[PDB]
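File shown here: data_5.pdb, holding PDB, C-alpha atoms.
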```
ATOM      1  CA  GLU A 166     123.666 144.337  52.718  1.00  0.00           C
ATOM      2  CA  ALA A 167     121.680 141.633  54.507  1.00  0.00           C
ATOM      3  CA  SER A 168     121.062 138.262  52.817  1.00  0.00           C
ATOM      4  CA  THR A 169     123.858 139.172  50.388  1.00  0.00           C
ATOM      5  CA  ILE A 170     126.796 139.476  52.741  1.00  0.00           C
ATOM      6  CA  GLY A 171     127.241 135.853  53.460  1.00  0.00           C
ATOM      7  CA  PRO A 172     125.828 133.096  55.571  1.00  0.00           C
ATOM      8  CA  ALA A 173     127.014 133.547  59.055  1.00  0.00           C
ATOM      9  CA  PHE A 174     127.857 137.000  60.144  1.00  0.00           C
ATOM     10  CA  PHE A 175     124.634 137.012  62.173  1.00  0.00           C
ATOM     11  CA  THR A 176     124.523 134.676  65.132  1.00  0.00           C
ATOM     12  CA  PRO A 177     121.307 132.887  66.096  1.00  0.00           C
ATOM     13  CA  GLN A 178     120.417 133.103  69.771  1.00  0.00           C
ATOM     14  CA  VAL A 179     119.919 129.743  71.464  1.00  0.00           C
ATOM     15  CA  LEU A 180     116.849 129.451  73.681  1.00  0.00           C
ATOM     16  CA  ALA A 181     115.708 127.097  76.406  1.00  0.00           C
ATOM     17  CA  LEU A 182     114.889 123.834  74.694  1.00  0.00           C
ATOM     18  CA  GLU A 183     113.893 120.249  75.304  1.00  0.00           C
ATOM     19  CA  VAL A 184     111.828 118.526  72.608  1.00  0.00           C
ATOM     20  CA  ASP A 185     111.994 114.750  72.976  1.00  0.00           C
ATOM     21  CA  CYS A 186     108.826 112.872  71.918  1.00  0.00           C
ATOM     22  CA  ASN A 187     110.304 109.508  72.894  1.00  0.00           C
ATOM     23  CA  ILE A 188     107.869 107.018  74.361  1.00  0.00           C
ATOM     24  CA  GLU A 189     108.055 104.016  76.664  1.00  0.00           C
ATOM     25  CA  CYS A 190     105.819 101.128  77.708  1.00  0.00           C
ATOM     26  CA  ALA A 191     103.812 100.731  80.868  1.00  0.00           C
ATOM     27  CA  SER A 192     105.435  98.668  83.633  1.00  0.00           C
ATOM     28  CA  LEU A 193     104.237  95.099  84.194  1.00  0.00           C
ATOM     29  CA  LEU A 194     106.712  94.636  87.037  1.00  0.00           C
ATOM     30  CA  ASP A 195     105.002  95.484  90.335  1.00  0.00           C
ATOM     31  CA  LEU A 196     102.429  92.818  89.430  1.00  0.00           C
ATOM     32  CA  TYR A 197     104.679  89.753  89.353  1.00  0.00           C
ATOM     33  CA  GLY A 198     105.869  88.061  92.507  1.00  0.00           C
ATOM     34  CA  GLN A 199     109.135  89.455  93.822  1.00  0.00           C
ATOM     35  CA  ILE A 200     112.206  87.431  94.823  1.00  0.00           C
ATOM     36  CA  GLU A 201     115.676  88.719  95.743  1.00  0.00           C
ATOM     37  CA  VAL A 202     118.275  85.991  95.280  1.00  0.00           C
ATOM     38  CA  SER A 203     121.902  86.335  96.387  1.00  0.00           C
ATOM     39  CA  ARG A 204     123.774  83.584  94.524  1.00  0.00           C
ATOM     40  CA  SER A 205     123.310  82.874  90.805  1.00  0.00           C
ATOM     41  CA  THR A 206     121.344  79.641  91.292  1.00  0.00           C
ATOM     42  CA  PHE A 207     118.316  78.684  93.373  1.00  0.00           C
TER      43      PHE A 207
ATOM     44  CA  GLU B 166     139.280  77.378  86.948  1.00  0.00           C
ATOM     45  CA  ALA B 167     135.493  77.614  86.612  1.00  0.00           C
ATOM     46  CA  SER B 168     132.653  76.314  84.407  1.00  0.00           C
ATOM     47  CA  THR B 169     134.628  73.105  83.749  1.00  0.00           C
ATOM     48  CA  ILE B 170     135.044  71.840  87.246  1.00  0.00           C
ATOM     49  CA  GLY B 171     132.311  69.657  88.533  1.00  0.00           C
ATOM     50  CA  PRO B 172     128.900  70.797  89.520  1.00  0.00           C
ATOM     51  CA  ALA B 173     129.385  70.609  93.198  1.00  0.00           C
ATOM     52  CA  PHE B 174     131.529  73.497  94.134  1.00  0.00           C
ATOM     53  CA  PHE B 175     128.573  75.805  93.596  1.00  0.00           C
ATOM     54  CA  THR B 176     125.790  75.672  96.179  1.00  0.00           C
ATOM     55  CA  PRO B 177     122.455  77.123  95.030  1.00  0.00           C
ATOM     56  CA  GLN B 178     120.537  79.541  97.235  1.00  0.00           C
ATOM     57  CA  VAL B 179     117.639  77.420  98.495  1.00  0.00           C
ATOM     58  CA  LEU B 180     114.818  79.950  98.498  1.00  0.00           C
ATOM     59  CA  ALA B 181     111.810  79.421 100.726  1.00  0.00           C
ATOM     60  CA  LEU B 182     108.770  79.190  98.445  1.00  0.00           C
ATOM     61  CA  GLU B 183     106.659  76.158  97.592  1.00  0.00           C
ATOM     62  CA  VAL B 184     104.277  76.544  94.662  1.00  0.00           C
ATOM     63  CA  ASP B 185     101.040  74.619  95.168  1.00  0.00           C
ATOM     64  CA  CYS B 186      98.311  75.564  92.635  1.00  0.00           C
ATOM     65  CA  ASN B 187      95.767  72.879  93.557  1.00  0.00           C
ATOM     66  CA  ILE B 188      92.146  73.818  94.063  1.00  0.00           C
ATOM     67  CA  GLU B 189      90.120  71.844  96.501  1.00  0.00           C
ATOM     68  CA  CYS B 190      86.597  72.439  95.380  1.00  0.00           C
ATOM     69  CA  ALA B 191      84.324  74.383  97.641  1.00  0.00           C
ATOM     70  CA  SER B 192      82.818  73.431 100.893  1.00  0.00           C
ATOM     71  CA  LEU B 193      79.171  72.400 101.212  1.00  0.00           C
ATOM     72  CA  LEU B 194      79.155  70.704 104.622  1.00  0.00           C
ATOM     73  CA  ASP B 195      77.905  73.490 106.900  1.00  0.00           C
ATOM     74  CA  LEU B 196      74.450  73.798 105.322  1.00  0.00           C
ATOM     75  CA  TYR B 197      73.377  70.258 106.186  1.00  0.00           C
ATOM     76  CA  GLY B 198      71.863  69.361 109.528  1.00  0.00           C
ATOM     77  CA  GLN B 199      74.503  68.118 111.953  1.00  0.00           C
ATOM     78  CA  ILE B 200      73.862  65.408 114.550  1.00  0.00           C
ATOM     79  CA  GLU B 201      76.470  63.659 116.663  1.00  0.00           C
ATOM     80  CA  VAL B 202      75.644  59.974 117.034  1.00  0.00           C
ATOM     81  CA  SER B 203      76.786  56.893 118.955  1.00  0.00           C
ATOM     82  CA  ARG B 204      77.136  53.191 118.089  1.00  0.00           C
ATOM     83  CA  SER B 205      75.908  52.712 114.541  1.00  0.00           C
ATOM     84  CA  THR B 206      72.400  51.920 113.255  1.00  0.00           C
ATOM     85  CA  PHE B 207      70.468  54.696 114.969  1.00  0.00           C
TER      86      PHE B 207
END
```

This structure in structure tokens:
Amino acid sequence: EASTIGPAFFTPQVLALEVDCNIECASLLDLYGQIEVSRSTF
Amino acid sequence: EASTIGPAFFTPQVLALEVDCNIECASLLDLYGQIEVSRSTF
């Protein structure tokens, strides 16, 4: 009898899923002047 | 080895910028009347 015969004879069915709700900043990068050095000192 | 051997084995990458940040003022010399002259005391 259901709900009396245990806790896991029935298997849940996984569905498509992606719930994230993780946030980031904006990007204050393209504003600044850009330099591409090659050594580690300039 | 490194980081304890002089400071002359490492040649910095001389990048090609030259920060200036010096305002002149603003020009006001094209409004005035212009006259070429000769020997002084006209």

- Could you superimpose chain B onto chain A using all C-alpha atoms, paired one by one in order, and tell me the resulting RMSD in Å? 1.2 Å

Find the residues near range 172-184 of chain B: any atom within 9 Å, counting all atoms listed in the file, skip ones fewer than 6 places away on the same chain, and give them as a PDB file with C-alpha atoms, in the frame of the given file.
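What follows is the written file result_24.pdb:
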```
ATOM      1  CA  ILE A 200     112.206  87.431  94.823  1.00  0.00           C
ATOM      2  CA  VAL A 202     118.275  85.991  95.280  1.00  0.00           C
ATOM      3  CA  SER A 203     121.902  86.335  96.387  1.00  0.00           C
ATOM      4  CA  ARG A 204     123.774  83.584  94.524  1.00  0.00           C
ATOM      5  CA  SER A 205     123.310  82.874  90.805  1.00  0.00           C
ATOM      6  CA  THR A 206     121.344  79.641  91.292  1.00  0.00           C
ATOM      7  CA  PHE A 207     118.316  78.684  93.373  1.00  0.00           C
TER       8      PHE A 207
END
```

- Take CA of residue 201 in chain A and CA of residue 185 in chain B and report the distance between them in Å, one decimal.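 These atoms are spaced 20.3 Å apart.
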
Put the listed atoms of range 194-207 of chain B in a box along x, y and z with 6 Å added on every side and give me the centre and edge lengths in Å to one decimal, as AutoDock Vina command-line options.
```
--center_x 74.8 --center_y 62.9 --center_z 111.8 --size_x 20.7 --size_y 33.9 --size_z 26.3
```

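A straight line drawn from CA of residue 187 in chain B to CA of residue 192 in chain A is 29.3 Å long.
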
- Item | Distance of CA of residue 189 in chain B from CA of residue 194 in chain A, expressed in Å to one decimal place |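 Separation of CA of residue 194 in chain A and CA of residue 189 in chain B: 29.7 Å.
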